[PDB]
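What follows is one chain in structure tokens, specifically the form deposited in one PDB entry.
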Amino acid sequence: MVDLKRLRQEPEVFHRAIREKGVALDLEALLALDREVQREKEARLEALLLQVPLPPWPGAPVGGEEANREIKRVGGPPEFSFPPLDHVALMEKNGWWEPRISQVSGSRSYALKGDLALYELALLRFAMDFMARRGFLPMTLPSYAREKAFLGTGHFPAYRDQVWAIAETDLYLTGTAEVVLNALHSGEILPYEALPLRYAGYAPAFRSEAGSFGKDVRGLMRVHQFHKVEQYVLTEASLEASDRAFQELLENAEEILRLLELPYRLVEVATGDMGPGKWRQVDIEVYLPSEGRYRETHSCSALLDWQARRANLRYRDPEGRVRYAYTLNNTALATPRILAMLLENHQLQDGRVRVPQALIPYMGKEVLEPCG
């Protein structure tokens, strides 16, 4: 949400903002109703108000998807002395996955077998241990929550269609732990000394798969239910504060990937590809050998007070001023997507896969062995 006060006080910033972001809103109709609300007008204005976007940071490329700018890239592709097989053919070759699950649960489902299943639980634990050395508080959470939490983040209303509802219930399956994490402090006045709150939340994750392509979705890439470890920071209301936390989030995600031993790169995301409440978004993408290209594995985002005004997240500033706080989030690691890149990038001559040094602890072995 945005502050109604400076909205009517500075409507061009918002018109320009709606422009560069491609939102379907005629700000003039809304601005009409906020005049008439001085009965019905009240609530009609609210549903409209919840669609006003945050103005993008000045360094963002203007344009949709294709204006996204590579910032930098770290690492270089693998040196193969055999044709790289793809992730699905590696899995199939080793008995590491069960195809019969599409018959049980339907499409875009996965079931892992043998060392790939133990690997999957290994990377999740490694991600939570790392966030915990890094000062972020570990939480294990549910995957369901009431409607007001989705409004809180801004997932409702823009993405309602991407969320599964539990029938005969007031609950919805969450697509990410920031939904829950975001709603925890709703309604409290937080003390200034508590700030910043750094949370690393784990939970099962669910999506309807309204966003669908007829391309690499298959295997481990876009499945309905998956595992996520999310980073979440609630901070005081200043850009110097926010920029420092955005920087932290990014180093975290780059460090995990350095430990995991994967080629990656950072992409400034353009205003038309950002989504309504964002101030800034960078994507980290990892190189996928078989596809020959870089695929997203993380999206770092600052939204300032846009969602703190939806979820009522406040603090008490040192003058005794009560202010809305600023929020930020970034993935730490999510399985199984990350496994498609890990398997192609680390395949051996013989189709077995090696384990990055940093995970030999959590796995107990250096090479993932075949099964049946």
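Only the largest set of C-alpha atoms that superpose within 1.5 Å between the two forms is called the rigid core. Residues that one form lacks are left out of the comparison. Throughout, we count residues from 1 along the sequence that is shown.
- Counting the unmodelled positions of the deposited sequence between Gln38 and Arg39 gives a long gap of 10 or more residues.
- Set 98 to 106 against 115 to 123 and average the Cα temperature factors; 98 to 106 ends up higher.
- On average the C-alpha atoms of 268 to 276 have higher B-factors than those of the other stretch, with 268 to 276 and 183 to 191 being the two compared.
- Set against one another, the Cα B-factors of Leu304, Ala67, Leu30, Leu343 in the record reach their highest point at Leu30.
- Among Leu54, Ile338, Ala43, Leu313, the highest C-alpha B-factor in the deposited entry belongs to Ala43.
- Ranked by Cα temperature factor within the chain, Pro289 sits in the middle third according to the deposited record.
- For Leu171, the recorded CA temperature factor ranks within the lowest third of the chain's modelled residues.
- Compared with the other modelled residues of the chain, the Cα B-factor recorded for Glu248 ranks in the middle third.
- Annotation for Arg218: C-alpha temperature factor in the highest third relative to the rest of the modelled chain, per the entry.
- The entry lists a Cα temperature factor for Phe136 that places it in the middle third of the chain's modelled residues.
Beyond what is shown, the protein has a form solved in complex with a small molecule; the following relates to that form.
- In the deposited complex, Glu178 approaches the small molecule with a heavy atom inside 4.5 Å.
- Residue contact with the small molecule in the deposited complex: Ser299 places a heavy atom within 4.5 Å of it.
- The closest heavy atom approach of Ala334 to the small molecule in the deposited complex falls within 4.5 Å.
- Using a 4.5 Å cutoff between non-hydrogen atoms, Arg207 counts as a contact of the small molecule in the deposited complex.
- Among the residues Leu259, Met139, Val223, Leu118, the one placing a heavy atom within 4.5 Å of the small molecule in the deposited complex is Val223.
- Partner contacts here mean any heavy atom within 4.5 Å of the small molecule in the deposited complex, and among 49 to 57, 25 to 33, 326 to 334, 343 to 351 they occur only in 326 to 334.
- With the rigid core aligned between this form and the one not shown, the listed residues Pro142, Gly95, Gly211, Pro78 include just one Cα displaced by at least 2 Å, namely that of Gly211.
- In comparison with the shown form, the Cα-Cα distance of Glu66 and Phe213 increases by at least 3 angstroms in the deposited complex.
- Compared with the form shown here, the Cα atoms of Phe213 and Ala89 sit 3 Å or more closer together in the deposited complex.
- Taking a Cα shift of 2 Å or more after superposition on the rigid core as the cut-off, the single stretch of three or more consecutive residues that moves between this form and the one not shown is 210 to 216.
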